[PDB]
Every structure is written in C-alpha cells, then in structure tokens.
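K.L.:
Can you look at this? It's an experimental structure, sequence on top.
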Amino acid sequence: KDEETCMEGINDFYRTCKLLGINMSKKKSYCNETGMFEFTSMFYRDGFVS
Amino acid sequence: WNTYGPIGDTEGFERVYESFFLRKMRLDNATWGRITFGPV
Amino acid sequence: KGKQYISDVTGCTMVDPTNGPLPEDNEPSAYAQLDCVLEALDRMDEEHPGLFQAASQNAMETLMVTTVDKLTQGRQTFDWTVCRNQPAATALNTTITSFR
Amino acid sequence: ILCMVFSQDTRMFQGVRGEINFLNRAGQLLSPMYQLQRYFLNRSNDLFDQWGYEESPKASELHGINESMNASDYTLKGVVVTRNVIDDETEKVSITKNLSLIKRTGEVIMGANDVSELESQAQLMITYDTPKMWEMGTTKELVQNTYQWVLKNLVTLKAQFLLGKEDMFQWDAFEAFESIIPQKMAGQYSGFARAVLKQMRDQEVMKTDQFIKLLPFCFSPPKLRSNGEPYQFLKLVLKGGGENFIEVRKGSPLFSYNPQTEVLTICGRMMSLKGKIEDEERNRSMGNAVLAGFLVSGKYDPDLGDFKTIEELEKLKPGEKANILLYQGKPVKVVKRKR
Amino acid sequence: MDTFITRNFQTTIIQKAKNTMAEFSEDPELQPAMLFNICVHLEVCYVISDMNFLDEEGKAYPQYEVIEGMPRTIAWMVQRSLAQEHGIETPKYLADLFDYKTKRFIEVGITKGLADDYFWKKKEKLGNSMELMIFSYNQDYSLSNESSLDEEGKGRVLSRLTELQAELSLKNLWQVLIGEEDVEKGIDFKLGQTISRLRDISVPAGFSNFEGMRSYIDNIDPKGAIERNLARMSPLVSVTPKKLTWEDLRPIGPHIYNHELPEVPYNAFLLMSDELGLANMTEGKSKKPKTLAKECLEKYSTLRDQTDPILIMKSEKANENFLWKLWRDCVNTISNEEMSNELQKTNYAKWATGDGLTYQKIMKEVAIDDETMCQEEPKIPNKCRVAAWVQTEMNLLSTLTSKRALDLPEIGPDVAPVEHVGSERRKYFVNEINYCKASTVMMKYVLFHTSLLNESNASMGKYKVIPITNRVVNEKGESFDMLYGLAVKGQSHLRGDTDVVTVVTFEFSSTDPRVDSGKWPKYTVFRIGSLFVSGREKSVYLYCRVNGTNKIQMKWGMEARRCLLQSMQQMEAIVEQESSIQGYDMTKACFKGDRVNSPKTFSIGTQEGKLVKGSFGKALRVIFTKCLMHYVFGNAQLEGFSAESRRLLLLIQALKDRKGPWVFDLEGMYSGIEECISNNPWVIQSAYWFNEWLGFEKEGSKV
Amino acid sequence: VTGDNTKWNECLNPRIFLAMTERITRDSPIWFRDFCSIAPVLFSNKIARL
Amino acid sequence: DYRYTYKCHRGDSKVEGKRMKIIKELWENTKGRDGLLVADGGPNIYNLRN
C-alpha cells in the first residue's frame, strides 16, 4: 500500500533469506520505485535495456 | 593451385551443399521492410 | 557457532552450522534452519504441482542414457594420481587406468 | 488497424502513448493521419487494448476475433468476420508537383506517402540511363558509370574544354558523382582539379589519362587557401574509405592506365583508348600534371636532397626547384611556376 | 531410419514421441533408435486402450487410462491423484498405463527375444508393486494377470509388431535396431561402507544417522516453521531501510584533496600526450622495423650521433650512466647492417635493468633451518592526491590532429535497412574520430605490444631491440612512418607466460620534465638534440624507463584495440536510447539534425567554472579517449572502483528520475568505493570528476 | 530491489543442499535418491589444497 | 587480422610478399574479380544479412 509496508516486506524477506542461509548484501543493494533496476549486468529502465 | 592448377569438373556441386544454397536463395528473395526501435 | 567435531573417516575437523543458533547481528551467517528450507520447498512444490517428480524422473532418465564420455566436457580437472591440474580427457584416462 | 486509423475514432486518438514525430524519406514531417497510421502499425497491441471489446453477433457466419485474430465471443467493437465473401474499368487522373493523385473534381486519391517501404531486389537485371539516380548504386558502380560517360563523349568534353568556358563542369554525370565526395574536402578537390587542368591547358602537356581522372572532381566550387593558391594533394579519397581513393600520380584500384598497351582500367574493367591518344602524349610522361604551379625541368639529383613532401611543396617560393616521386623507382625533378 | 519413423506412424504419434523424448535434454537426431522404440511403445499402449470400455457398473463394451505421451508434470500429478483417490500405493516409476478394474497401475514393454526374462527382470526392478504385460517381436507374450487383456487386443498388437519386424529387415533397419534394456541397464546402485559413513556424518545437527534425516524429510510437515523461526529472531537483524536524499550523497574520497599527499606519478607504459615521432615520408611499402628505425635515425642524423648526454632529471634508484650506455648500444645496433635486431654488447643491458640483482633460490630445508629468512611485508600502494597531468592528458588526447592511423578493410554492399543504419553510424563515428590523437596513441600502443609479443616467439634468453614505430596517414594522402623511440627487451629464462620480462624503453619527447616535476618521479630523461619545424629550435628529450610485464600483459596490450568497439558500442547505445524515445532511428538527426529536430548537443566539460556544450562529435571523441585511458591505466583498483561507482551512479540516476530510491547501508557502499582509491591516476581523476559532476547535479536539481 | 549476495558460496552449506535433494526426490527410486545424495555428502567433506 | 595472419592482402593492393606475387598474378588473370575469395586477395562481401 505505502512504501513503509513495502520496506516492512523487504525486511521480512531479508530475515527469511537469513533463515535459509542466503545473506543479502546491504552494502551493495538499493531500492527504488519499480520500472528501473538491474539484473546480472543488464540495466532495465522503463523499457530500454543496456 | 588456385592460379595454374588443373581445372576439375564442379558439376552437381550445388546438389551436395544444397542447404547452404537454399539459405542463400532465401536470403536473396527477401523483402526487407521497416526498422522500429524500443517501445519505451 | 555451529557444532565442531572430528570426522571418523578422514580424521579432520568438521563444522556443522545447520540448525544452529540464529544470528543476533547483521553480519553474514551460515546457520540455515532445516525446517525453513523444507517449508520453502513444500511451498514451491505446492505452487508447482508435479514439478519435482517430473524433474527427478527426467534427470534419472538422462543419467541412465548418458555415458562416461560426458565427463570429458569440462575445464581443468584435479588429477589425484599426480595431484595436479590436467585436462578433463587426460584426468579421466588416468583415473580409468588406475581403476583398471 | 488501418480502418481504425482512417475512421478517426476518438478511441484511436486516446490509444497513443509515445511520441509520433515520425519523419519521411525526404525529411519532411508526415501528415498527422499518416503519423498515427505508422505509429499504430508499429504499435498494434496498444490500440487493440484501448479500443474495448463487446459480444459477437449470434449469426451463424458472424463471429468475433481477438488481438491475434483468434475467433472469440469478445470481439473488437464494430468488427466481425463473415464467410459471405464480397466481390472485388479505367479512367484518367491528373498529377501535381508533390506526386499526389487528384481526381477530376479535385479530391486526393493517392498520395506520395502510400508507397510501401518494402525494399526488394528485382528478379530481372533492370537498366537505367539517367545519371541523376546513379547515387542509388554503390560508390564503385557510380565511379564506373561516370567514367564511362566521360570516356564515351570524350570528344565533346575536349572540344568544350579547349574553349575555356565553365559550362563543362556542371554535367548531370558530375553532379551525380559529387555525392560520393566527402563534403569537407570537396572544395579542395575541385580547386586542385581546376588548377591542374588549367595549368595543363595553358602549357600544352595535355594528357588524356590525367584529364579523364581529374575531370569529375571539378564540379564543386573552388576552395582556395588564404594565400590564394590552390591546395595540393597526393591522392583524393572518396566515400567508403579504404579502396575508394583515386591516386593523382601513379594509379588506384578505381583508376589505372597502361600506356604500353594504352589500356584504361576502371574498377577492374579494362578498355582500349585507341584513337584518343596522341603520339607525343607518352613522351610528356607524368610530371606536368601532378601539382598546381609546378612543371618538370630535370631528373633525379641526389645532391638536391631526398623527395620533398607536400608540406614543403606548399610552402615553397617561386623560382625554386624540388624533387618528387611518382611511384617506386620513377622520381622526377620539378620547378615552381608563377602561372 | 527417420523416413521409416515418419512413414510407419501417424504424424500425431511421431510428434508425441518426439516431444516426450526431447525432455531428456539431449540431441534427438543423432540417436533415433530410442525414438523408434518409444513410437512403437506409444502405438502399443494406444491400441491397448481403444477396445475395452467400462460403464456405471463395469460393463465390458474406458478401462485403460493413458499416462505416457502427456507432459511428465501433468502425467505425474494425474497418477498421484489416481493413487490418492483409489487408496493404493503410488509406483515410484511413471506407469505407462492404468486400469480402472484392477485398480492397479500397469507397464508395457517391447523386446526382440523371449519376454519371460524381460518380465522377470522388470519385476525385480519394480518388485510386486506394479503389474505388467510384455510382447516380443518373435511372437511371445507375458501377462502378470491372465484377466488383463482379451484375445482381440493381443492379436492386433502381435500382428502390428510382427508386421513392423518383417518390414524392418526390408530396408536394412533390423540390423541397427537396438534393444530395450540398454536404456535401463543401470538400476543397481549399492553404497559402500565408507560412503555410507560419510553420508551419515554429513547430516544437519540433530540427527544421528542419515536414515533419521530421510524419515524426517519424508514424514514431518514443516508448515508454519518460517513464521515460528522469524518470531523469535532478534529485532537487530534488520536491513535498516533509509530513504535517500540529495543531501545524503557526499564527495567520495576527500583525501585526494589533501595537499600533503604526493602527486600521482605517470605509470603508463608509453608516453601518450608527450610523444614525438620522427616523421619520414614513405611511398607506402611495408618494411621491417629495424630498417624503418635505421632510416628514421638517418634522416635525423644529429640525434643518432649524439654521444654527450645533457642529463636533465634522474630517477630515485635508476643509474643514468647505465641507461645512457644501453641507449647508445641500442642505437649502434639499429644503425648497423646485420639483419638481426639482437644486442651484442650485453654488458650494459644486463647491468642496467637490475637483472643481476635477483635473489638466488636455495633449498627449502636451509630456509627452515635459517633464522634470518622471514617473509616480507606487502608494499601496499601509497596514497596520492589529485594529479593535474591527467586532466591535460584527457584534454589533449581528445583533440583532432593532422594525421590519422586507421585503415580498416571494406564490407559488402548494404541492402537491409539495419545495414544502412549501421553503415551511417560507422561513417559518422570514423569521420569524427579518424584524426583524433587518441586513435594514433592506441595504434602505437597496440602495434608496440604486438611487436613485443612477436619478439618473444623464439628469442627468450637474449636481448632484443625493438623500435616504437607507427604508420600514419594525413589529410593530403601522403603517408608517414613515425619512430617514437626504441626499447630493449631482456630475457625470460622461465617458460611461464605470467613471468615478468624486464624491458627498458627510451621514448623521444618535446616536453621539459621540469615543468611538472611530479609527473615523472619514475623516468630518467636526457637531452639528445634539437629539431627544427618552422625554422625554430625545439629541444628533444629521451625519457628512459625500466618496466616489467609478462606475456599475458602483451596479450592485454594487443587486445587494447577493443577500445574502438567499446566506444562504438557506447555511442550506439546512446543512439538506440534516443531512437527508443521515438519510434524511428535518430542517427542523422542526433548527428546532423533534420527539419523536425536539431543537432543534439552534449555537456562536455567546464570553462572558468561554467558548463560548456559541444557537438556529438566531441562527445564521441571524449568517450573514445575515456575508453582508451581506462584500458591503458587498468589495474584491480580501477575495475573495483568502476564496479562500485556503477551502483553509486545508478542510485544517483534513480534520484534524478524522482523514483524515490532507498539505501540500506550507504556507508558500506562508500567504504567499498573508497577502498580502491589509493594510487591509480585514472581512479583519482575519476573520483575528482565524479565529485564535480555530483556537485553540478546537486546545484542543478533545485530548479 | 537490485539485491546482491555477499559471501554467497561461503555461507551455503552442503548439508542444506543434501536436504534439498532429499526433499525434491521424495518420490523416486531409492537407488536414484542415493545417487543424487552422493554428491552433497562428498562436498560436505571437502578438503581444500592450499 | 585475417589478412595480416594469412598474408592474403587484396590482389590489387601494392603490398609485397612471397604469396602476394601469385595472388597478384591470379587477380590479373581472373575475370570474375568479385568472386575471388578473401584468402585469394579478393574483395570481402560479408555483411549483416549474410
């Protein structure tokens, strides 16, 4: 609903992956409104891809 | 050999490598259209 | 923070963090509870019914139909007879000769 | 989709998301209707989603269609399929400047933007004569065609050149050839070609090979240096880089001359120039038609020094003699001239 | 074979067999025998399930449910549902057919010999948990239950298989017919004692033997375990989300602004902006480097015959006398007549590069016994402030000179529109960066590294003299053969490719090092003579420097020509983005400009502290220079810094587009970035430029 | 979130992979289950050479 | 790179080499100069469509 609940969900996911042994990188991760992000050296931005 | 070598007979060569010739023929008979960039 | 013991086969120190104490700090942790992993697998299987069974069946069929030569498609392999890094084909040949 | 675009339905207008600033081949903005046509032709899902669906009619032969032309109850509003095929005588129409067909009463029936852009290769080796469209072909073909045109009518070109006017550097063939010349160096090329041709004409060293080689470049307006002296070059480069260059002194893959047999080679094609070559042409070998304001006076003299680059030639002063090299093993000695 | 497959079976059967067997994750072509076997099996089971039917009570007039052919996932879920609904054990192997009457799953098979042994071995494989019927080409049948199939079905199947057997031998296909057991030969897998013990001792804490773990996994229901584990987890395990803001971003590595630290030295292999080529116009023929160097020195004879060196600057450790004598030997070898470029006065070469000062390796036992042999601390890179010469390097390498050094071959005629677009882009790119000094420097670099690599072909235990030459072309068309200096490469007795082979390079230059003393703390420079260009005397210095590089570094230098492709790809990405904003290509419009559009302009740099714009050509030249410098100044620090500045730049972009970025551990990113800013000139200048651009963005975002 | 994982391969445990393999192949022939399990157990006893 | 490695420069080029003399002779004697392979000093015709 609001970014506060989104970040609560992100925190819950972080704790869950910690329980499974997966350690998320706080020093190399960031969050932003959906539409622009990266995935395996492939930047996606509102349709454009590089 | 490519200059003064014996001249052999190449009849029926297209048949042996028919797939490549078919690819080339398909390419030659192409009808290119427009080019459209990303949606954004 | 896991369980430290002595292997009774190789006689080497062994560390087992699984089902260990949960972290109290943001530092990296290797203590993965078995129950959480099992529940996650259960959720995945329920969401994708008939997925694990089909994948396992396909893998076992491929293994049945495969051949030893498949092992030769790989990067440098550690040959134990000489204890070095050798090409996959040479390592496989040396292992086969030793087995013979 | 074209029916949507032509119907001017408000939904089609609302179904545009991105910019529609499309350009045509001539570089002129398309008409708004054709802009929407092109945008929706490239973008079909958006309009189909925006239009809205409805229930198909209950008639036996009438059924709907989805975005991917799949029969379904949900059909584009006002669109239906029908198995009752509808059946598919000549007149004269006038034309205007913009290649737009206008009927007798004046309505436009076919515009210049309705031409499908589907490029293809003709199944038959079509031929054209006009030089205005040679630019469509590759650079080597353009060079071959322009040099063939120059050679075939060489008598008329020589006759007009001997008159000394300027109407012979504006032939349609030269305008077609100018396209493959880089814009930045076109002025210098033309200035140098005009200067060398004028120098050749003044003092009779008329060489057929050099004349043919350097005639096409003379079109573009001259671009001289601040000193008022024409530029100097060793080889004139054309578009496409690499092989596409004409050597001013020895010969290039695009242009070569064999005086022993008197054979002209253009882009790998060989021709005979018998009857267009003077006996004394061979004796005046090359040195009088390679630089502007320079003429031959002697032979290789190691004492004067090694060969001088164009940089030193351009800064030279009148009455001073220098040495140049045509090709490997054929050096020559030249002298600057005021004329 | 495949012709028989497509002729003897309906297209549906062939397609079903093909798509069911393609799930094996292997090539379906080179091995079609199993395709024939699977097609025959599919036909057999289809026939078996087409004659008998049931009713509300079980009238025989369906009874057989087909599981094979359908997708493995759907088949498995259907089988599990049937087993659950009928309250019977689920076979571990996917049954090919199920019976409604017997309430049991069944399997079918096809063989070539007697079916009794096949049935018995299948029973041993599956035990007694599944029924089976088996038929053989040689008229043999086997049924676990005699009340399974009727005479009609058995007769039809027998006739079909007999016909197939008869037809196979007509086209010489029965010979190459593989059996059926081969695909399932391995069904026995017994673990040894040692492996069983290793498995038992490799279970998570809380289990004694692997049997307990297996039972726990196969029995326990762990639903709700994640919530229970998360409830008691400490609150301290939190990502600590933090909304990012413009003021949060701060300059990276402020220490580079500390005037106390020394200036960054010039550690590039070859001089880039200070080069000086002894031009020697040539017709265009290809000649050996030794002859080219000899001719170039002959033209500038005064420099060659210089014997008294006027030392101008000296390195901290290098000896000027040794370097000068080595240079004299190199020029003597170049000016001689022997074809080989091999040094004959090895004295000064050996004693100048410190090749005799290497430690001698002794047996490990002595070192263990010895007490004075101790490991040495790592010489961590020093910390240096901003170097002013990197800005000048970037400025000058992006300028347009009077000469070009690129001559690429031709390509076939362009027909497709994409080819035309690519050709136009290539034309614009080359026209823009043909004469750029960066291109000439790149060509010199790649050519020198190629020559260095080639010289290591057979000469490894000998000194080799190599001139730093280049082939260049000017606008007028006349081509020159430039000589930028010499370099003598030493020996590498070890055959390893990652082993440093010391090479000392003497490059000419026209810049007095005293102007920027901090730019050359590692160079030994003399003064050889003076050239005349426009009647004016300009001095010539000889920068002599020792260096060490390995064969892999030679390969890297050779590949350094990839900067051209890199820059072209960057420009093409820019153009593709511009065109993606629209729906049509934006190449000519963004380069030259159309009626609708205007020539795109890019913010290039700063002039007196104010922003300055420029044409797309200048942006392309700057991109090419940046790529070339990145390749030349490349070390682990540079790649790490780039990898982390990627994340920082992406966050800045998200901020620009009003996407409301959030950062969890910002200081972690900043530390990761600053961990790499130690002594690389390129890294330090990149940090400086990043700080400047970040300040500009901050001050420009308030509008 | 463009998340990244620190020490990904220095935290995953071969025992957890063994558990995953056992759970996945819960309905499969015992011999194939053992064959799949032989790899995780071998990794759980890996010895590194320096 | 291919031409440098195989010493198969264009037949109409002015380069000199052991193989280049025969290449030049073949180029002089050949009529279909567009059909000669690149390895024989002919013109390259490769592009995206082919």
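P.N.:
Noted; the coordinates are in hand. Numbering: from 1, shown residues only, chains lettered A, B, ... in the order given.
K.L.:
now the strands: where do they sit in chain B?
P.N.:
For chain B, the strands defined by DSSP state E cover B:31-32.
K.L.:
The lengthiest helix in chain D near chain E at all?
P.N.:
When chain D is parsed with DSSP state H, its longest helix is helix D:183-202. Yes: using CB under 8 Å from any CB of the partner chain, helix D:183-202 reaches chain E at residue D:185. For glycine as for every other residue, the C-beta is placed from the backbone atoms N, C-alpha and C.
K.L.:
How far away from the center of its chain is the helix or strand immediately after that helix in the chain?
P.N.:
Using DSSP states H and E, the helix or strand that follows helix D:183-202 in sequence is helix D:208-214. Distance, stretch centre to chain centre, for helix D:208-214: 21 Å (CA atoms, centre = their mean, to the nearest Å).
K.L.:
what's the neighbour count on the closest residue to chain F within chain G?
P.N.:
Nearest to chain F in chain G, going by CB to the nearest CB, is residue G:48, at a distance of 33.5 Å. For residue G:48, the count of nearby residues is 13 (other CB atoms under 10 Å in any protein chain shown).
K.L.:
so what's it up against?
P.N.:
E:416, E:418-419, E:422 (CB atoms under 8 Å, 6 or more residues apart in numbering or on different chains).
K.L.:
thinking again about what came up before, identify all contacting residues around the longest helix of chain D.
P.N.:
Outside helix D:183-202, the residues that touch it by CB under 8 Å, 6+ apart are D:161-162, D:164, D:169, D:178, D:181, D:206-207, D:210-211, D:214-215, D:217-224, D:230-233, D:236-237, D:288-293, D:295, D:337, D:339, E:475.
K.L.:
Can you report how many residues neighbour residue 2?
P.N.:
Looking at chain A here, since you left the chain open. By the criterion of other CB under 10 Å, residue A:2 has 7 neighbours.
K.L.:
hmm, I had chain D in mind actually
P.N.:
Residue D:2, neighbours per other CB under 10 Å, totals 9.
K.L.:
How about residue D:170?
P.N.:
10.
K.L.:
I figured residue D:45 hits residue D:67, correct?
P.N.:
Yes: the pair residue D:45 / residue D:67 is scored as a contact, 6.5 Å apart, by CB atoms under 8 Å.
K.L.:
Stretch E:619-633 and chain A in contact?
P.N.:
No: using CB under 8 Å from any CB, stretch E:619-633 never reaches chain A; the gap is at least 14.5 Å.
K.L.:
list the contacts for the residue positioned nearest the centre of chain A?
P.N.:
The centroid of chain A falls nearest to residue A:31 when counting by CA atoms, centre = their mean (5.4 Å). Counting by CB under 8 Å, 6+ apart, residue A:31 touches A:6-7, A:10, E:241, E:661-664, F:1.
K.L.:
when you check those residues against the strands, which ones overlap?
P.N.:
E:662-663.
K.L.:
Now do the contacts for the residue in chain C positioned nearest to chain A.
P.N.:
Using CB to the nearest CB, residue C:32 is the residue of chain C that sits closest to chain A, at 3.2 Å. Listed by CB under 8 Å, 6+ apart, the contact set of residue C:32 reads A:19-21, C:17-18, F:12-13, F:16.
K.L.:
Rebuild those residues as TSV, extending it with distance to residue C:65 and secondary structure.
P.N.:
As requested, the contacts of residue C:32 are arranged in TSV below (distance: CB to CB, whole Å; DSSP: H, G, I helix; E, B strand; the rest coil):
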residue	distance to residue C:65	secondary structure
A:19	39	helix
A:20	34	coil
A:21	34	coil
C:17	38	coil
C:18	35	coil
F:12	30	coil
F:13	32	coil
F:16	30	helix
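K.L.:
quick revisit: going by distance to residue E:73, which of the contacts of residue G:48 wins?
P.N.:
Of all these, residue E:73 sits closest to residue E:418, with 40.2 Å by CB to CB.
K.L.:
Which residue of chain D lies farthest from its centroid?
P.N.:
residue D:58 (60.4 Å).
K.L.:
State the distance from that residue to residue D:75.
P.N.:
12 Å (CB to CB, to the nearest Å).
K.L.:
hmm, back to that, does the residue farthest from the centre of chain D count as helix, strand or coil?
P.N.:
Reducing the assignment at residue D:58 to three states with DSSP: H, G, I helix; E, B strand; the rest coil gives coil.
K.L.:
returning to that earlier point: take the contacts of residue C:32 and write them to CSV, including neighbour count and distance to chain B.
P.N.:
As requested, the contacts of residue C:32 are exported to CSV (neighbours: other CB atoms under 10 Å in any protein chain shown; distance: CB to the nearest CB, whole Å):
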residue, neighbour count, distance to chain B
A:19, 25, 40
A:20, 17, 37
A:21, 21, 39
C:17, 21, 47
C:18, 25, 47
F:12, 17, 38
F:13, 23, 43
F:16, 24, 41
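K.L.:
Right, and chain G sits closest to which residue of chain B?
P.N.:
Closest to chain G within chain B is residue B:3: 4.3 Å, counting by CB to the nearest CB.
K.L.:
how close does the residue lying closest to residue E:674 once chain neighbours are set aside sit to chain F?
P.N.:
Spatial nearest neighbour of residue E:674, excluding adjacent residues (CB to CB, 6 or more residues apart in numbering or on different chains): residue E:253 at 4.8 Å. Residue E:253 sits 22 Å away from chain F, going by CB to the nearest CB, to the nearest Å.
K.L.:
all helices for the chain, in order.
P.N.:
Picked chain A for this. A:3-19.
K.L.:
meant chain G actually
P.N.:
Using DSSP H, helices in chain G cover G:2-6, G:18-29.
K.L.:
Pick the most deeply packed of those.
P.N.:
helix G:18-29 (a mean of 15; mean count of other CB atoms under 10 Å in any protein chain shown).
K.L.:
hmm, it in reach of chain D?
P.N.:
No: taking CB under 8 Å from any CB as the criterion, helix G:18-29 and chain D are apart, separated by no less than 8.9 Å.
K.L.:
Which elements pack onto that helix?
P.N.:
Helices and strands touching helix G:18-29, as assessed by 3 or more CB pairs under 8 Å, 6 or more residues apart in numbering or on different chains; DSSP states H and E, are absent.
K.L.:
Which helix or strand contains residue E:133?
P.N.:
Short version, using DSSP H and E: residue E:133 is in strand E:131-136.
K.L.:
Show residues contacting that strand.
P.N.:
Residues contacting strand E:131-136 (CB under 8 Å, 6+ apart): E:44, E:48, E:99, E:102, E:104-115, E:118-119, E:122-123, E:126, E:141-145, E:148-149, E:154, E:157-158, E:161.
K.L.:
just the residues you listed that are near chain C?
P.N.:
Of those, not one also sits near chain C (CB under 8 Å from any CB).
K.L.:
how much space is there between the residue of chain B found nearest chain C and chain E?
P.N.:
Using CB to the nearest CB, residue B:19 is the residue of chain B that sits closest to chain C, at 26.8 Å. According to CB to the nearest CB, residue B:19 and chain E sit 14 Å apart.
K.L.:
Great, nothing more from me.
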